[PDB]
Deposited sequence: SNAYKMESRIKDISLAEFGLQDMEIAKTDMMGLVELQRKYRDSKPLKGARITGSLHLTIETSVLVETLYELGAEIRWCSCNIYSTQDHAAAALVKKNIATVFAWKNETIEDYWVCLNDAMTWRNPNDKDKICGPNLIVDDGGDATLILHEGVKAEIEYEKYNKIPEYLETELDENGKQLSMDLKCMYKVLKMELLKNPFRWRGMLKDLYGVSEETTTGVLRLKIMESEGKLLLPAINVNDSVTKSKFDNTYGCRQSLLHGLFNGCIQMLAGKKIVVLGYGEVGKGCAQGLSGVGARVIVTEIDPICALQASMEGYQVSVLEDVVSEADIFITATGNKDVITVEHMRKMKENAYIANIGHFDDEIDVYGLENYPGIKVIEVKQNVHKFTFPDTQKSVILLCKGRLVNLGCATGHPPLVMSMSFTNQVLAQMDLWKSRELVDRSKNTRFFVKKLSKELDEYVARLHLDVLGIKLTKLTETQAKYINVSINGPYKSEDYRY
C-alpha cells in the first residue's frame, strides 16, 4: 500500500489545532526541530513506528520528519488511536499511516505489516516500537522463513489454531501467524531481506524491554536496541506522573461511579502502580495494594496503603486496577467472588493481566455494552455482574487520550535522541561478521539534557554550582550530577 488507511481525512483540521496547542508544553520536541531542521541528521532514513497514534505521537512523527526521515506508522493498540491525529499526519504528507480507533485484531496485524513494507520490496532502517510487536513480527518472520526452507512447506505451528498444550492461541498470535503465512506465499525471503538494512529499534515501555532482554540472553536479538523506557526522564515521569492523571481520566470516562471512599485495589506497586495510587488517593479513594516484591510492598505501607493478597480483598473491594505487566492476575474465579457492579480495568501494556478470554467464553454468560468500550458481564448462577473497561486493554488510552503532552515530550525527546544514535552508528552494524546484538541505554548526560529542555515550561529556576561546590561534591558544574546507580 503506497497510500494511507485512516478513518476520516476531514478530521485533519482539528488534529492540527491540537498539535499546535500541545507544542506549547512539548518543548523538548520543539527544540529538536528548531536545532536539527536544517542539518537533517536523519536524512535518508526509513522509519517504521508501532506506537499509539495520539496527538502527542503526531508531534514525535513531525519531529522525525523535520529531521529528514521518511515515515510509515501504525498504532500499537486497537483502541489507542486518535482519528484526528492520524488525519493530521496524512493531510500534511508527514507520513504514511495505517491506524484508526477501534481496529479489529485482524486489521491491527495487517496495519503493522503494511507499516513494515517499503518500496524501491524492502524494510525500514529504524524502528520506533512500544510493546515490542514490530520487533516480534520481524523475529517471528525470520523464524518462519527458516522453518519454511528446512521442510519446504508452510510450518504447521502457523496453520494450527491451538498452542503446544491444546489451549486456544491468543487472537493476537492467530492474526499475526495469518499475516506471516500470507507473506511466505508471496516471498519467503522478505523478513531476512530486511535485516541487511536494519540498524536498530528504540523500545518505549517496560513490557517491550522485557521481551528485548529475553532475546539478548538467548542470543536471538537480530538488531541493535535502545531501551528508552529506563531513561530517568521516562520511567520516573511518564510511567508514574503520566498515569497519575491518565488513569483518572480513563476511569472518569469509563466508570460512572464516584471514586471517593471506595476500596480500590491497585495490583502492582511499581513505577505505574505508584502513580495510579497517588491519583486515586488524590480524589479520596482508599487504595489497597497487591504486590510480590517485599521492597515495593514496604514502599506502599510507608505511603499509608494497606497491602493484601487479592483473595482476602476480592469480595469487598469496589474497583480493581491491574498494573503488573504480568499474566492472570485477575482470574474468572476471582471475578465470580466480586460484588455487584464491581469495575475491572487494566493499565499494564497487554490484555493478559485479566483473563478476558475466560470471561467472554464462560458457559452461559451474558454480556451487554454499557457504552463505547465498556461491557457488563453477568454470570448465570449467581446473577451478579462485573463491568470491564475496554476489554482489559490499556484504559488510559482506551477510554481516554493517554498521558498529556508535557510528559510525552520527555519520553519522545528520548526517542528522537535514540533514533539519532542508532542512525549515526549505522557503519558499525556489519552483518557479514556480526549477526548478534545488545540492548543499551542513553547516557546520563542526555538524560539531564532532556530535563533541561522542559524547565521553562513550568518556570523552574536552576541553581548553579560554584567552582568550590562542584569540587566539594566531586562533579562538573555542567553535570552529570549523580552516579550511574542513583535511583532518584
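Missing C-alpha coordinates mark the following deposited-sequence intervals, in order: 1-4, 125-130.
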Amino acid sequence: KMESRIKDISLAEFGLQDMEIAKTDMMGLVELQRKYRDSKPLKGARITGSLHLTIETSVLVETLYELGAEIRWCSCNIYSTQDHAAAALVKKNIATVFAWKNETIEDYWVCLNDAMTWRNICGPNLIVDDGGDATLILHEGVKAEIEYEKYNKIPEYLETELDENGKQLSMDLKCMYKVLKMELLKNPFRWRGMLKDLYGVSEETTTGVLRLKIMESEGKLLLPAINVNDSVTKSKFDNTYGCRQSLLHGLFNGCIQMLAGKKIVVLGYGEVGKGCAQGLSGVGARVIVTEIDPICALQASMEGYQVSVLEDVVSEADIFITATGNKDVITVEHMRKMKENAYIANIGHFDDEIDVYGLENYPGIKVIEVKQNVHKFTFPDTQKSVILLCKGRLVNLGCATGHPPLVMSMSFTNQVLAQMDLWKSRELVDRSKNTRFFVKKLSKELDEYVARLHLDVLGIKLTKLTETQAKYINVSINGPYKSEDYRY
From here on, numbers count along this sequence of modelled residues.
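So that the term is clear: the rigid core is the largest set of C-alpha atoms that superpose within 1.5 Å between two forms.
A fit on the rigid core, followed by a root mean square over CA positions in 6 other deposited structures of this protein, ranks 198-206 against 159-167 and picks 159-167 as the more shifted one.
After superposition on the rigid core, the larger root-mean-square Cα deviation in 6 other deposited structures of this protein belongs to 435-443, not to the other of 451-459 and 435-443. Comparing 371-379 with 132-140, the higher mean C-alpha B-factor in the PDB entry belongs to 371-379. Mean CA B-factor, 423-431 versus 43-51: the higher value falls on 423-431.
When the Cα B-factors of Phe320, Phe237, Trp73, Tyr362 are read from the PDB record, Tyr362 comes out highest. Highest CA B-factor among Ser170, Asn125, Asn229, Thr413, as stated in the entry: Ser170. Among the modelled residues of its chain, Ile21 has a C-alpha B-factor that falls in the middle third, as given in the PDB entry.
When all modelled residues of the chain are sorted by CA temperature factor, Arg244 is found within the lowest third. In the PDB entry, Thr81 places in the middle third of its chain by CA B-factor. Compared with the other modelled residues of the chain, the Cα B-factor recorded for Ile473 ranks in the middle third. Looking at the C-alpha B-factors along this chain, the one for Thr233 belongs to the lowest third.
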